[PDB]
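Comments concern the structure below.
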Amino acid sequence: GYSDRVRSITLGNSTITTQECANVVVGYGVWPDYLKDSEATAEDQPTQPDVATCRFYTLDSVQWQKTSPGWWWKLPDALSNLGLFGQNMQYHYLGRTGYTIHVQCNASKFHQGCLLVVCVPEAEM
Amino acid sequence: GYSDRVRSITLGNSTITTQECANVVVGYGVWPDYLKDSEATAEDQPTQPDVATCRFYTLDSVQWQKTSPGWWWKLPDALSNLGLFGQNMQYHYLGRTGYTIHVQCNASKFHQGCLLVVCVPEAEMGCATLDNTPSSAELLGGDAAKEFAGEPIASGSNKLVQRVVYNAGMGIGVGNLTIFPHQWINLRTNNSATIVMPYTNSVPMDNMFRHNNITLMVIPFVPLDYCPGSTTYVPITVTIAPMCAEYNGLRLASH
Amino acid sequence: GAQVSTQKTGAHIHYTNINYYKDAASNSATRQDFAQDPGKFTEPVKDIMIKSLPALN
Amino acid sequence: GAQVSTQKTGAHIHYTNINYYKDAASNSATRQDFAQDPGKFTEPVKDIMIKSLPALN
Amino acid sequence: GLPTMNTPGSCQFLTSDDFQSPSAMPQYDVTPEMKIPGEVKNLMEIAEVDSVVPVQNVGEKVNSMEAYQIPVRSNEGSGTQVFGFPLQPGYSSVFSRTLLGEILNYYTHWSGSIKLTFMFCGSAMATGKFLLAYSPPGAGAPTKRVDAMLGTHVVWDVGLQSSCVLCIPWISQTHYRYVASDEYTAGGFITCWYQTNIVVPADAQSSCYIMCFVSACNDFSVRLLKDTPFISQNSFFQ
Amino acid sequence: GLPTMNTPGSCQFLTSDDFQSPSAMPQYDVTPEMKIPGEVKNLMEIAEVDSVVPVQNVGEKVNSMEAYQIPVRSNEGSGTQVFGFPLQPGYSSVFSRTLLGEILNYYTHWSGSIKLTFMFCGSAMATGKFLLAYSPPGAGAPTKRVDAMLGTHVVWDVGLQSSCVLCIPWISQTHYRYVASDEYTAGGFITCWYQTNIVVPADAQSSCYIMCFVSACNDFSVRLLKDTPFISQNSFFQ
Amino acid sequence: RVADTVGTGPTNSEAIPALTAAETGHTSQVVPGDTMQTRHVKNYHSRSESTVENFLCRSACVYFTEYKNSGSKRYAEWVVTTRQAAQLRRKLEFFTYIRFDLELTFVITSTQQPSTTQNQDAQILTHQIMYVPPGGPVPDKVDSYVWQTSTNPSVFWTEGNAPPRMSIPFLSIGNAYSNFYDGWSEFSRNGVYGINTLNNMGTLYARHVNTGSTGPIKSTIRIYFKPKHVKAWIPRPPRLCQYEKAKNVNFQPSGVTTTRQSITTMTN
Amino acid sequence: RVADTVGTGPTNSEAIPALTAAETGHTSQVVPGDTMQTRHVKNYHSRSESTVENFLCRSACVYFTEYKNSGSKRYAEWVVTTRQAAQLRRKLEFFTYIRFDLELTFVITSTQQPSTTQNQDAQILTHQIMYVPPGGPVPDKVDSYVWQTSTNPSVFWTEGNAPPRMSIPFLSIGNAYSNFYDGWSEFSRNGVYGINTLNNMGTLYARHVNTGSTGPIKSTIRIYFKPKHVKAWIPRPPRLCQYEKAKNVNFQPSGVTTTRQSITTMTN
Ligand SMILES: CCCCCCCCCCCCCCCC(=O)O
Ligand SMILES: CCCCCCCCCCCCCCCC(=O)O
């Protein structure tokens, strides 16, 4: 039939295709879901676009040299200045969302190396 | 039981209360509704907040003097710089919405006057000079009320709009403006005017920036009068609420 | 396949019509559509207002 | 011996046609034959290739 | 080989004709229709909408917003006249530019009732009474209230309800009347007279204004379409 | 002796007419039909076939096989642009000579989706990622990847499967668009940006090429047949 | 069918139909019966003439142009647009959105021009009318390959018989023929402004197929528009002020209405 | 009827429709739904205009010739062949094999020639059109017995009324009108090469039945071809390079397409 190395992901109006990818890791076994009524505390009505807010934003690229120690990103801050997600989290007081992280680094058969991609929750430094 | 002069309107997180108001006029008999699937043409998925986009935005107030000719507003342009409705119609390509218009002008029992509030769809306006056409800075004023003129504008070459009041700028008898949904605010009885305009356009969706469908016009048919001793500064406020707003074609910010 | 309809005559006779062209935009002008609905322009208010009632109680 | 058919009109009325000449090459042009089969030019491969599948496994 | 015979009236170009014609573009897929609010199906749906009447068309007043206002003030007497005009919707200068008048100037004949809606635009403390009157022809116009009282009159009292309707009925000898002037089908005269007075309290203005709208009743009809004498072109605009 | 009457439009020669006519050769035995492969029944069966696009039509490149190749090399940076063109199938010089364009230049209107199939024609060891983007109008063209990222974009990874499809959807205000240029029905912009890089091993070429085919989706339509502005004759060829 | 009045008798009740509130924006429908006693008169009158179809379905001449058999102008060019004739433009401007099919009749009339050439032998002139949609080729000259009309529609007409006539469907990319467009072409808001944005209906050319004689002959062609199956939306107030240009609604301010002697004069 | 799109929602699956293999020679049919979320929009559009019959069924002028009432050329001769007019030839070249019936209309227009002969009395000219199949006799002169047309088809037309028109069936010894023939006449491989091998459709002559007057009159005849009941096989790529000769496909090499500023320019 098909192989497991090929994957396609569609969200909003954006698509991501990979031909040499491993198995997706889904958090702690929970797929992101909306806030249920037996858990909310704000009595106001929420706004949910789910199209403009939810889509693949591509950030800036960094160079991997032989003497690079690593990089860190903050998910709420990085997208604060990009599109309606930035405009909405800016015009509101309370926000809630889950995130899908895709990292792309391609090299030929004659290169070598290894990267660790880890999502640390509450990373006080 | 109750009386018909009292009304309350809730939208999003905003509320409007009136204690001396007449009957609401609902467009041409159609309440604004979302685009059905047997009428759409854009194959993309639309975005519909319906809370941030739909709410009562209060514009700037203008003063009603004894020699005021009238004012006009463009509904897409006026809200373009106010809140997420402005941010969304700015980040998208196609937009669609209906509007609720509320005009507030209150006066005591010793004042007199009468205003006409009319929502004119597709109000193309003639330029002062026959050869030129009006410019974008003179026709629409963002969050600003462009006033009319009591006497004819000069015919010298310019991009000024013809702001003569007894022709409404569109070259018609100001008397026949009634054909459109309209309300009368007489300071003797009415203190407010409510209008509900649906989405009136010749296409399913259109770009808001290069096309302003509805043009609210307020015309003081009977001038304001009073005797010395009464307050002379009587303002006019206009609150606009979008309804059933949706968009399509997410694109990079454009202004 | 003819269509027989009534003629517009005075008050107080059938005519025949056949379509020959196969474009459906060549038919004769349909003149007899005497239907109206003045509720959209006159009396367009949201709350019904009976004739003989204080319009503002 | 008349032939009654439908007219091409908008979306979202019958017309009449009679043949007078006995050569069968004088009939009006048959304009309503909206049939297609794009399988000959597009996707003409011998082995079926499902859309969402690795075209070359 | 069917033998026929052409009759008088062949190979002519009649303006108001209704025939069939071969299409220049065959098999065209028309763009589908959509629901657009406010569809008109008959022009008498426009004639039944209230239209502001410029009663005060005197001199320069036609070049300002003062043409639609009728002046009314606190007088020292009673029985004087406020305004008056003939019942000529398609001809008189008062009804010529009203929606009803604009529609009527396209059709030669007209019949039905008329509805004049008067709105008092004064202060909240000013009260008054007026006598609206419609007098059919036969004599001249009424000159004093004792003469217009005998016509068809409706006393109006200014109060909470600030709107009064004067229903000018259909009293005529012919089924239809001409929109152009003709003494054979004279309309009548509509006159408004002060009933008692306009009394105001202290520190309130004693000069108020009244507005008037014209509309057609459920029984209006028009006939014999003709060109309008209002629009004209010297040359093809370009 | 049937009395008739000729109507306006008689004894004329309309071009796009459909009537009957007496045959000059009666009782002709037509040669029978045979089965010939590849019968066309609709012109949109030709528009749905992939057509090579000459994206690199710069200067002299149109007079060689270098017009169909898009250059891509190993860069020292990231986020640069590879190519870009407006969505004008019947007007732009890029889509004018494509089969789709040749078909569109016969009909005034057009509607439907578009399918751009990109094929990477590099070595077997060279890998890379590209970002294809379609940005509807409203603003200018995107100038940096942070601006075209917000449109409708599809990241493409070069691998075993060497073909990627970009489905430009139908996002418009009108049901149809003009094949000729008109700002009222502007199309948009299609731009391709380097995602990460094009990395190659030793002893392999670092400059590769990409090809592009254009085709129509299952929902394409055309209307209002018109003459093509491409073919012309000074005199009757002989 | 027109409604009929109902008979009524003297009343004395608190409820009053005449008194209402015009500030609500509602037209008070009052039968003559409410304000006076009336008798039962049946009305057999009809509103048949008023219907939008009967009002707009009358042939009206949009534009007329001239061409000469021999001379500088041998062919005529006209961008097909309305708003060049006041009589029809005013009728169409009544409704903001209109949607109609069209019937076109071309009245072509020739005449002899004064000259000095002798021995004239007039021959039946033939006139060719061609329609180029927006984008097609243009006949830069009276004799050009474009006049082959391999795809464009055309009509040939010899002088002496009934005038040409064709039917045209609803040609618009939108869902209705917009009559008013308050916007620009560029989203920049600078550029063509007004209804001229939505006028891309093509062009119409006409020429003489054969030179009639030696002496110069001038022919004038008039174009007639006949709306069919018409639908109208959003009614609008009538023009009032005379038109000035055919690309916009620019006008010169004019008085509301003609004046009279006083406020109580019964005569104009 | 045009197909309609189907609504889709966010997906995360291994199978990927966008990635395919274009080396196979297969067109990957991808609905907009595969590469982005879409809503259910019904399409009421139709492909009626595109059909081969509606594309090729429009009258187009193949050739026009001239003849004089008195003078050296009193009759006109034309070998009936296509490929003389670019507009129709280009349309026909789209399909390698075509099979259609034909409708022929002859627009004959006369004109007076300048002369010195006085006392001219013009009379209704009559025009005779004759078709000689391949093999028949040829009218070496305007007045000849061949014009009796005891078997050949012919049409007589007086000037002043509607133009002539006839319908012609599918005349071919094969099973289809070949548009391209890559071969020679002789099996020797030396001789006529190309499509001119399969062009033996006859000849068409035309003459004036009666001398109109004393003064010279020139008449020009135009021939119009109208394909009916058309069938097309083996689609072909469009011409691109302008035609040069009417007996072959000889051409001058031309650039693929018009150029622009750079590879990232959005304007021509
Ligand atoms: C021989 C020529 C035949 C075809 C001529 C067609 C010319 C008219 C084209 C359609 C115009 C319809 C009206 C557009 C203007 C408007 O709606 O205001
Ligand atoms: C009065 C004359 C009537 C008959 C005239 C017949 C002339 C046409 C003969 C058939 C030609 C068909 C087309 C052949 C060329 C082609 O297929 O490319």
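Numbers restart at 1 for each chain; the letters A, B, ... are given by sequence-line order, proteins then strands.
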Inset, instruction - Taking the side chain as every heavy atom from C-beta outward, state whether F:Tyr107 and F:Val179 have any atom pair closer than 4.5 Å. - result: no
Legend entry - Partners meeting ring-ring contact (aromatic ring centres under 6.0 Å, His included) with H:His26 (sequence neighbours left out): none
Inset, instruction - Say whether, by atom type as modelled, one donor and one acceptor occur between the side chain of G:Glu186 and the main chain of F:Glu183 under 3.5 angstrom. - result: no
Inset, instruction - List the steps and the verdict of side chain to side chain donor-acceptor pair (under 3.5 Å) for F:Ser181 and F:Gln88. - result: CA-CA 8 Å; F:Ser181 79; F:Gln88 297 169 353; over 6 Å; no
Legend entry - F:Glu48 and H:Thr27: side chain donor to acceptor below 3.5 Å: no
Inset, instruction - Give a yes or no answer on whether the side chain of F:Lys226 reaches the backbone of G:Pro137 with a donor-acceptor pair at less than 3.5 Å. - result: no
Inset, instruction - Please check if the distance between the ring centroids of H:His45 and F:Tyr176 is under 6.0 Å. - result: yes
Inset, instruction - Determine whether A:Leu84 and B:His92 make a side-chain contact, defined as any pair of heavy atoms from C-beta on separated by less than 4.5 Å. - result: yes
Inset, instruction - Using modelled atom types only, decide if a donor and an acceptor are shared between the side chain of D:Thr42 and the backbone of D:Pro38 within a distance under 3.5 Å. - result: yes
Inset, instruction - Compare all side-chain heavy atoms of H:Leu19 with those of F:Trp156 and state whether any distance is below 4.5 angstrom. - result: yes
Inset, instruction - Taking all heavy atoms of F:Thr185 and all of G:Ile173, pick out the closest pair and write down the distance. - result: CG2-CD1, 3.5 Å
Inset, instruction - Determine, using ring centers only, whether F:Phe83 and F:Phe118 are less than 6.0 Å apart. - result: yes
Inset, instruction - Using atom types as modelled and distance alone, determine if a side-chain donor or acceptor of F:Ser78 lies under 3.5 Å from a backbone N or O of F:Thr196. - result: yes
Legend entry - Note, H:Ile263 side chain near F:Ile70 side chain (heavy atom, < 4.5 Å): yes
Inset, instruction - List the atom of F:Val62, the atom of H:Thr257, and the distance in Å for their closest heavy-atom pair. - result: CG1-O, 3.4 Å
Inset, instruction - Would you confirm whether F:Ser74, through its side chain, and F:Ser206, through its main-chain N or O, come within 3.5 Å as a donor-acceptor pair? - result: no
Inset, instruction - Taking all non-hydrogen atoms of both residues into account, name the closest pair between E:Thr31 and G:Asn175 and its distance. - result: CG2-OD1, 4.0 Å
Legend entry - Backbone of G:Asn190 reached by a side-chain donor or acceptor of G:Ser188 within 3.5 Å: no
Legend entry - Atom of G:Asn152, atom of G:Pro133 and distance for their closest heavy-atom approach: ND2-CD, 3.8 Å
Show which side-chain atoms of residues 130-147 of chain F pair as donor or acceptor with protein atoms under 3.5 Å away, not counting sequence neighbours.
from, atom 1, to, atom 2, distance (Å)
F:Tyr134, OH, F:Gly187, O, 3.2
F:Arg145, NH1, F:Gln195, O, 3.0
F:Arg145, NH2, A:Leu59, O, 2.6

Legend entry - Donor-acceptor contact below 3.5 Å, side chain F:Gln173 vs main chain F:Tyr184: yes
Legend entry - Derivation and outcome, side chain to side chain contact (heavy atoms under 4.5 Å, CB included), residues H:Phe55 and F:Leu225: CA-CA 8 Å; H:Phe55 175 64; F:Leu225 215 154; 3.9 Å; yes
Inset, instruction - Give the minimum heavy-atom separation between F:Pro86 and H:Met266, together with the two atoms involved. - result: CG-O, 3.3 Å
Inset, instruction - Without swapping roles, check the side chain of H:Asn43 against the backbone of H:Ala3 for a donor-acceptor pair under 3.5 Å. - result: yes
Inset, instruction - Assess whether side chain to side chain contact (heavy atoms under 4.5 Å, CB included) is satisfied between B:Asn248 and B:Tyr93, documenting all intermediate values. - result: CA-CA 6 Å; B:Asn248 268 317; B:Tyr93 171 45; over 6 Å; no
Legend entry - Set of residues satisfying salt bridge (charged side-chain N to carboxylate O under 4.0 Å, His left out) with respect to F:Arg223, sequence neighbours excluded: none
Inset, instruction - Quick one: sort the F:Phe85 and F:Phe95 rings into parallel, tilted or perpendicular, breaks at 30° and 60°. - result: perpendicular
Inset, instruction - Examine the side chains of H:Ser262 and H:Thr265 and answer whether a donor and an acceptor come within less than 3.5 Å of each other. - result: yes
Inset, instruction - Indicate whether any N or O donor in one side chain lies under 3.5 Å from an N or O acceptor in the other, for F:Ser111 and F:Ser221. - result: no
Legend entry - salt bridge (charged side-chain N to carboxylate O under 4.0 Å, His left out) partners of B:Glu43, counting only residues at least two apart: none
Inset, instruction - Without swapping roles, check the side chain of A:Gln19 against the backbone of A:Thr17 for a donor-acceptor pair under 3.5 Å. - result: no
Inset, instruction - Applying side chain to side chain contact (heavy atoms under 4.5 Å, CB included), run through A:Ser108 and F:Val200 and close with a yes or a no. - result: CA-CA 6 Å; A:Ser108 45; F:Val200 301; 5.8 Å; no
Legend entry - Aromatic ring proximity F:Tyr91/F:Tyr178, centre distance under 6.0 Å: no
Legend entry - Pair F:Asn63-F:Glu60, side chain to side chain donor-acceptor pair (under 3.5 Å): steps then yes or no: CA-CA 6 Å; F:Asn63 291 327; F:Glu60 173 63 342; 2.8 Å; yes
Inset, instruction - Any pair with a residue in residues 208-230 of chain F that passes ring pair (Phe, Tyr, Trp, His ring centres under 6.0 Å), sequence neighbours left out, goes on the list, sorted by first then second residue, please. - result: F:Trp110-F:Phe220
Inset, instruction - Kindly give the heavy-atom pair with the smallest separation between H:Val41 and B:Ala40, and that separation in Å. - result: CG1-O, 3.1 Å
Legend entry - Audit row: H:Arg90, F:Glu102, salt bridge (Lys or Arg N to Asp or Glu O under 4.0 Å) steps and yes/no: CA-CA 11 Å; H:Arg90 187 190 177 96; F:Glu102 296 274 20; 3.0 Å; yes
Legend entry - N/O donor-acceptor pair under 3.5 Å between H:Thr38 side chain and H:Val6 backbone: yes
Legend entry - Student check: side-chain heavy atoms of F:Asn57 and F:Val94 closer than 4.5 Å: yes
Inset, instruction - Not counting sequence neighbours, which residues clear ring-ring contact (aromatic ring centres under 6.0 Å, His included) with G:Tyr193? List them please. - result: G:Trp184
